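Asker: Could you have a look at this structure, given as C-alpha cells, before my questions?
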Amino acid sequence: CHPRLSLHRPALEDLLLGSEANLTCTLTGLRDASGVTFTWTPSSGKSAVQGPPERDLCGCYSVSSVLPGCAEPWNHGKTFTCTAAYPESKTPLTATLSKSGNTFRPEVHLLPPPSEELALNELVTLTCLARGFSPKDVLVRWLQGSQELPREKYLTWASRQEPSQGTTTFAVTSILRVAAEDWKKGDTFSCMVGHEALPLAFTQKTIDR
Amino acid sequence: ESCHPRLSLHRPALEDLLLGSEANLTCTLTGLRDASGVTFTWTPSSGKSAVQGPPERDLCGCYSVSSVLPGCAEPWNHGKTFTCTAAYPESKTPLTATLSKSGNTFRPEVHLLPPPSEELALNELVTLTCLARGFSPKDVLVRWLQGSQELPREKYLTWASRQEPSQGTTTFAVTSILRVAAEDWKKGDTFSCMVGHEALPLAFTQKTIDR
Amino acid sequence: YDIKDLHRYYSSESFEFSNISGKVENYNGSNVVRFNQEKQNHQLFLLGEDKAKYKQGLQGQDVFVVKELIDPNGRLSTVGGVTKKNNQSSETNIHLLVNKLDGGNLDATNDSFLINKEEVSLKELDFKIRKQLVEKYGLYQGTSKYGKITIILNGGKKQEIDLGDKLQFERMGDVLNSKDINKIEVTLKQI
Amino acid sequence: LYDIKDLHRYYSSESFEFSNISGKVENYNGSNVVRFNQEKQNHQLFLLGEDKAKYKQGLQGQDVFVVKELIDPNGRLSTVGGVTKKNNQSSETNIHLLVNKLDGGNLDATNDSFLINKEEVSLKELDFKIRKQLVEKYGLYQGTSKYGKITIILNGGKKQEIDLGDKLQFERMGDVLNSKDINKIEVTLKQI
Ligand SMILES: *[C@@H]1O[C@H](CO)[C@@H](O[C@@H]2O[C@H](CO)[C@@H](O)[C@H](O)[C@H]2NC(C)=O)[C@H](O)[C@H]1NC(C)=O
Ligand SMILES: *[C@@H]1O[C@H](CO)[C@@H](O[C@@H]2O[C@H](CO)[C@@H](O)[C@H](O)[C@H]2NC(C)=O)[C@H](O)[C@H]1NC(C)=O
Ligand SMILES: [Ca+2]
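What follows is the structure, given as C-alpha cells:
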C-alpha cells in the first residue's frame, strides 16, 4: 500500500464532444476510508465526490473528487489547484495542472491506396496520417462519403512523439481497409482528426479515385 | 486480490533471432512475492542452466522473478517446444508455461507510400509512410534506407505492432514514418522500407520508392 | 487548397436562415453560437469582427451557413456570416466583369451579380461569386484556380479576395452594404 | 503491371560468379543458409529445395552465381540458389536466342545468341542473364513490356519454360542444366 495524489486534464473526447466537460482529482493508496478534504479554488460549481472505490487497483482502496462545470475555465488556461487532506499523515497532498502552452495543429494527410492493392483488386487500404500537433491528445475518425464509419471497422495507432531537435511534436497514423469496388466505384472516404489547436477543432481530409 | 500470481513464458526477441547470435527465452511471474531461492525448471535442460534475476517489485508491491534460458535459438527455429514450471512458497501447487515457434503464419504485405501531394509543394520535408500489414505473429522489424544507406533509429518513427480489425484469420499491422528533405526527394534519389518477420522467405523484405 | 477541395467546398449548398438566436459557448476556446433550424444543428464560430460585435450571442440576426464540415456529433460548423435584422429592404444587381486570362489574351465577359439583402457578409458575397465563377467560368476545375475577386466601392477604395485559397475565417464576419458597391471585377488568371 | 520498376531494378543489377566456395550450412530463421566472404562483401546463401539436400553438409567448394536480393542491417547479402558441381571448368558455348516481340497485332521478331561461361549452369544464371539481355537489347521491364515467357529447349528431350510475369521462384534457383544439352532459346515478349 502507499497513498499518492493525482490530477487529470479533461478528456479531449469530452472537451470536443461532451457537454459537462468535468475535471478529476484523485487520491489513492489510502488505508483509511474517507473523511477527506477535497478543496480546490475555482468555485464555479465545485462539488467533489468519493463513493470509495476499492478499485485502488491495489490491496488498499481510495476515493476521488470531481469538479463539474469546468469545461471553459480549462480552455482559457487557469492553474487549477486540488489540495487533498487525508488521515494517515498531516501535511496534505497537492498536485496542480493547467492548460498546455506551446501548441501546434495537426497536418492531416489522407493517402491513397498502394498501387499493388488496386491490382489484387480485393481490399484497398486508406492510410491517414496526422502529424506535427502538440498536445499529444488527438481524435481520429472515418467517413465513407458522409457517413461516419464505426471505430470497430478501422485501426488507429497511438499518438507518438516524432523526431526533432526542438519543437516537440506528435504524429498519429490510421488504417482503413475498404472494398475494392467502392473505391473504384467512386464514393469518397474521409479522415477526421480532432484537436485543441485546430480552429474548428476538427479538420476533414477527403480523397477518392 | 492484491498480488495474484501470473506465470508467463516469452518468445525470443524477433530482433535477436534475425540479427543476433544468442537468443533467449524468458519465463517470469507477477503476483508472487518473497522467496528469492524459489526457482523454476525448464524442459530442454541441455546443460545451459537458467539465470534468475533481481527479484524486482511492481508498484503496490507484488514482486516478480524471471528466468532467461540462454542461446535457446537453434531449437526455437527448429520447431522444438519449451516448458517452464515455477515453484514458490505461495501455493503448494506450481504454475506451468509452454511455448513453441508459431505454425500457421503470414508474410507482411509491405507498402511504401509517396509523400503527401502537398507536403512537397512547400519544399521543406516530405513524409514517407511505410505500412506492413496482414502478418503472422505481431513481431516485426522496420528499417529505413537512403539508397544503400541505413538511416538511424533516431532518424524515424515506427509505431507499435497492433492487431488488424478482422472477422477471420488474425493479422497485425505496423506503421513507420520517415521525414526526408524535399531537396533529396526531388533530386531523384530513392528510399527503402526494409521489414523483418519470421514468415518472410529471406527473413527480410525491401520495398523501394522515389519519384 | 487543391482544386478538387475548392471545387468541392465552393460548390456545396449554402443556407440563409433568418431571425436566429443563441448564447455562445467557449467551444475549444473560441466563441460559438449553436442553433437548430432545418432538422440540422449548427455551430456558428465567431472569429472576426463579429466576435466582439456579437459578444452577446445571437438575438434575431440572419445567418449565412456554409458547411465547413459536420462535427462527429452531427453539428454543421459554419463561420461568421451574420447580418442585422430587418435587412431585406432591397435587392440590388451590381456589375460583374469577369476576365479569363490565358495565352496572354483576354476574354472579358461583362456579367451581373445579385445581392439578397441590404447589408452583406463578405462570406456570402465571396461564397456566391465563386460559386457563380465555377458554374459559369469553370473555376477550381481543370486548372482554373488562381484569380482575384475585386469589389469596387463608390468613391474609389476596393476590397480584394484572392482565389488561391478559401477566404480567411478571420474575415467572414465582415459586412458590406449593397449601396456602397459600384462594380465587381474578376480575373481568372488561369496560370 | 506496377512492379514494373521493381522487376527492372533487380533483373539488371550487378550479378556475381564465385568459385571454390566452402561453408558449413547454418540455420537461420528456420532456413538452411551458408554464409561466406568474397570481395569485401559478406554473403548469406539460402538453400531452398533441390539444392537443400544436395548440400546437406554445406558447400565443399562448388561454384556460386550470386544475385543480390537485399542487404540486411548486418551487411549480409541474401542470395538464393545458384551453386554448381565444382568439377565445373568452362564451356563458352553459344545458344540460339530467338526473341519474338508481339506488340500490336504484329510480331517484329529478331535472331540473337546467348553465351555461357560454365559447363554446368544454374537456372538461376540462365534466367538472370537471359532477362538482362531481354532488358538491355529489347527494353524488357520498361514502358509496358512486362509479360512474356522464356522457353528453353532441352535437345528434343523436354521443354523448360520460365514465365516472365514475375521473378523466378526461389524453389527453382536450385535446378541445374548441362550447358551442352541446350538447343535453342525462344523468348516471347508480350507488350500489352
Ligand atoms: C461530468 O461530470 C458530471 C458531474 O460530475 C457527470 O454527470 C453526472 O451524471 C450522474 C449520472 O447519474 C448524475 O446523477 C449527476 O447529476 C451528474 N452530475 C452533474 C451535477 O451534472 C458526468 O458523467 C461527467 N461526464 C463524463 C462522463 O465525463
Ligand atoms: C535475453 O534477450 C533479451 C532481449 O534481447 C536481452 O535484453 C536486451 O539487452 C540489451 C543489452 O544487452 C538491451 O539493450 C535491450 O534493451 C534488452 N532488451 C530487453 C529484453 O528489454 C537480454 O540481454 C538477453 N539475456 C540473455 C541471458 O541472453
Ligand atoms: Ca493543384
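Chains as they are written, first to last, in the entry's author numbering: chain B, 242 to 450; chain A, 240 to 450; chain C, 11 to 201; chain D, 10 to 201.
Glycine included, every Cβ here is placed at the ideal spot set by N, Cα and C.
(1) Give me the residue from B:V277, B:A399, B:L441, B:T320 with the minimum Cα distance to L334 (chain B).
(2) Buried or exposed: which applies to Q178 (chain C), given that a residue is buried once 16 or more other Cβ atoms fall within 10 Å of its Cβ?
(3) How do the stretch 432 to 450 of chain A and the stretch 11 to 21 of chain C stand: do at least 3 beta-carbon pairs fall below 8 Å, yes or no?
(4) Between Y395 (chain A) and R296 (chain A), what straight-line distance do the alpha-carbon atoms span, to the nearest angstrom?
(5) Taking any Cβ of chain B, which residues in the stretch 299 to 312 of chain A have a Cβ under 9 Å from it, in chain order?
(6) Would you call the stretch 365 to 382 of chain A and the stretch 342 to 355 of chain A touching, i.e. three or more CB-CB distances under 8 Å?
(7) I want to see whether chain B comes within less than 9 Å of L107 (chain D), judged by CB atoms only; does it?
(8) Using a Cβ-Cβ cutoff of 8 Å, what residues of the stretch 368 to 398 of chain B are near chain A? List them in chain order.
(9) Roughly how far, in whole angstroms, is the beta-carbon of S154 (chain C) from the beta-carbon of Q98 (chain C), given that I think they are within contact range, below 8 Å?
(10) Go through its chain and collect everything with a Cβ distance to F137 (chain D)'s Cβ below 7 Å, but skip five positions before and after it.
(11) Taking only beta carbons into account, state which residues of the stretch 256 to 280 of chain B come closer than 8 Å to chain A, listed in chain order.
(12) At what residues does the beta strand (DSSP E) containing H105 (chain C) begin and finish?
(13) By the criterion of Cβ-Cβ separation under 7 Å, what are the contact partners of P440 (chain A) in chain D?
(14) Per DSSP, which one or two residues make a beta bridge with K110 (chain D)?
(15) In angstroms, rounded to a whole number, what distance separates the CA positions of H436 (chain A) and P376 (chain A)?
(16) Could you list which residues in chain A have their beta carbon closer than 7 Å to that of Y37 (chain D), in chain order?
(17) What are the start and end residues of the beta strand (DSSP E) that includes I159 (chain D)?
(18) As an exercise, report each continuous alpha helix (DSSP H) stretch of at least 4 residues that is fully enclosed by the stretch 328 to 391 of chain B, in chain order.
(19) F55 (chain C) touches chain B at which residues, Cβ-Cβ below 7 Å?
(20) How is the beta strand (DSSP E) around residue 3 (chain D) delimited, first residue to last?
(21) Can you give the beta carbon distance from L246 (chain A) to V304 (chain A), rounded, assuming they're within the 8 Å contact cut?
(22) Quick test of the definition: if touching needs 3 or more C-beta pairs under 8 Å, does the stretch 181 to 196 of chain C touch the stretch 102 to 121 of chain C?
(23) Kindly say whether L334 (chain A), judged by its beta-carbon, lies nearer than 9 Å to any beta-carbon of chain B.
(24) Taking the beta strand (DSSP E) that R44 (chain D) belongs to, which residues open and close that run?
(25) Could you tell me whether any Cβ in chain A is nearer than 9 Å to the Cβ of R18 (chain D)?
(26) Can you list, in chain order, the residues of its chain with a C-beta nearer than 7 Å to that of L257 (chain B)? Leave out the 5 residues immediately preceding and following it.
(27) Run through DSSP, which three-state label would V413 (chain A) get?
(28) Taking 8 Å as the threshold, find out whether the stretch 383 to 390 of chain A comes into contact with the stretch 35 to 44 of chain C through three or more Cβ pairs.
(29) Could you name the residues of chain C that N316 (chain B) contacts, counting a contact when the two beta carbons are closer than 7 Å?
(30) Verify the CB distance criterion: does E134 (chain C) have a CB-CB separation below 9 Å to chain B?
(31) Can you find a heavy atom of ligand 1 that lies under 8 Å from the Cβ of residue 478 (chain B)?
(32) To which residues does DSSP link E26 (chain D) through a beta bridge?
(33) Taking 8 Å as the cut-off, is the beta-carbon of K155 (chain C) closer than that to any non-hydrogen atom of ligand 3?
(34) Would you say the stretch 352 to 368 of chain A touches the stretch 420 to 430 of chain A, given that touching needs at least three Cβ pairs under 8 Å?
(35) Within 10 Å of its beta-carbon, does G84 (chain D) have 16 or more other beta-carbons around it, so buried, or fewer, so exposed?
(36) How would you label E101 (chain D), buried or exposed, when you count the other beta carbons within 10 angstroms and need 16 or more for buried?
Answerer: On the basis of the coordinates in this document:
(1) Taking the first sequence and counting its residues from 1, one reaches residue 334 (chain B) at position 93. Per the Cα distances, B:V277.
(2) Locating residue 178 (chain C) in the third sequence gives position 168, counting from the first residue. Label assigned to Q178 (chain C): exposed.
(3) no
(4) Counting from 1 along the second sequence, the entry for residue 395 (chain A) is found at position 156. Counting from 1 along the second sequence, the entry for residue 296 (chain A) is found at position 57. Taking C-alpha positions only, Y395 (chain A) is separated from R296 (chain A) by approximately 33 Å.
(5) Those residues of the stretch 299 to 312 of chain A placed with their C-beta closer than 9 Å to a C-beta in chain B are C299, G300, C301, ordered along the chain.
(6) yes
(7) Sequence index remark: in the fourth sequence, residue 107 (chain D) carries index 98 (1-based). Chain B contact via Cβ: absent.
(8) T368, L370, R372, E393, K394, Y395, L396, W398
(9) For the purposes of this step, residue 154 (chain C) is taken as residue 144 along the third sequence, with counting starting at 1. For the purposes of this step, residue 98 (chain C) is taken as residue 88 along the third sequence, with counting starting at 1. Not a contact, Cβ separation roughly 33 Å.
(10) As a first step, residue 137 (chain D) must be located in the fourth sequence, where it is residue number 128. If we look at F137 (chain D) and ignore the five residues flanking it on each side, its Cβ neighbours are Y20, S24, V76.
(11) none
(12) Here residue 105 (chain C) is taken as the residue at index 95 of the third sequence, counted from 1. 103 to 107 is the span of the beta strand (DSSP E), which, as asked, contains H105 (chain C).
(13) The residue given as residue 440 (chain A) occupies position 201 in the second sequence. Correct list: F179.
(14) Along the fourth sequence, read from residue 1 onward, the residue named residue 110 (chain D) stands at position 101. Answer is D:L198.
(15) In the second sequence, counting from the first residue as 1, residue 436 (chain A) sits at position 197. In the second sequence, counting from the first residue as 1, residue 376 (chain A) sits at position 137. The alpha-carbon atoms of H436 (chain A) and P376 (chain A) are separated by roughly 8 Å.
(16) On the fourth sequence, residue 37 (chain D) is found 28 positions in, with the first residue counted as 1. Chain A residues near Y37 (chain D): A442.
(17) By 1-based counting over the fourth sequence, the position of residue 159 (chain D) is 150. That run of the beta strand (DSSP E) goes 158 to 162.
(18) Runs of alpha helix (DSSP H) with 4 or more residues, each lying fully within the stretch 328 to 391 of chain B, are found at 356 to 361, listed in chain order.
(19) Within the third sequence, residue 55 (chain C) is the residue found at index 45, counting from 1. Chain B residues near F55 (chain C): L441.
(20) Nothing in the structure corresponds to residue 3 (chain D), since chain D is present only between 10 and 201.
(21) To locate residue 246 (chain A), count along the second sequence from 1; it is residue 7. To locate residue 304 (chain A), count along the second sequence from 1; it is residue 65. Incorrect: roughly 10 Å between the Cβ atoms, too far for contact.
(22) Because the criterion of three Cβ pairs below 8 Å is met, the stretch 181 to 196 of chain C and the stretch 102 to 121 of chain C touch.
(23) Taking the first residue of the second sequence as 1, we reach residue 334 (chain A) at position 95. For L334 (chain A), the answer is no, since every Cβ of chain B falls outside 9 Å of its Cβ.
(24) What you label residue 44 (chain D) is simply residue 35 of the fourth sequence in a count that begins at 1. Counting along the chain, the beta strand (DSSP E) containing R44 (chain D) begins and ends at 40 to 47.
(25) For the purposes of this step, residue 18 (chain D) is identified with residue 9 of the fourth sequence, where counting begins at 1. Yes, because at least one Cβ of chain A sits closer than 9 Å to the Cβ of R18 (chain D).
(26) In the first sequence, the residue the question calls residue 257 (chain B) occupies position 16. Counting only Cβ-Cβ distances below 7 Å, and skipping sequence neighbours, we find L380, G435, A442.
(27) As a working note, residue 413 (chain A) is residue 174 in the second sequence. Reduced to three states, the DSSP call for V413 (chain A) is strand.
(28) no
(29) As a position in the first sequence, residue 316 (chain B) is number 75, starting the count at 1. Below the 7 Å Cβ cutoff, chain C contributes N36, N38, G39 as neighbours of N316 (chain B), in chain order.
(30) Locating residue 134 (chain C) in the third sequence gives position 124, counting from the first residue. Closer than 9 Å: no.
(31) For residue 478 (chain B) there is no data in the structure shown, the boundaries of chain B being 242 and 450.
(32) By one-based count along the fourth sequence, residue 26 (chain D) stands at place 17. For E26 (chain D), which the question treats as bridged, DSSP gives the partners D:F74.
(33) For the purposes of this step, residue 155 (chain C) is identified with residue 145 of the third sequence, where counting begins at 1. At least one heavy atom of ligand 3 sits closer than 8 Å to the Cβ of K155 (chain C).
(34) yes
(35) One-based indexing of the fourth sequence puts residue 84 (chain D) at position 75. Exposed is the call here.
(36) The residue given as residue 101 (chain D) occupies position 92 in the fourth sequence. Exposed: under 16 other Cβ atoms inside 10 Å.
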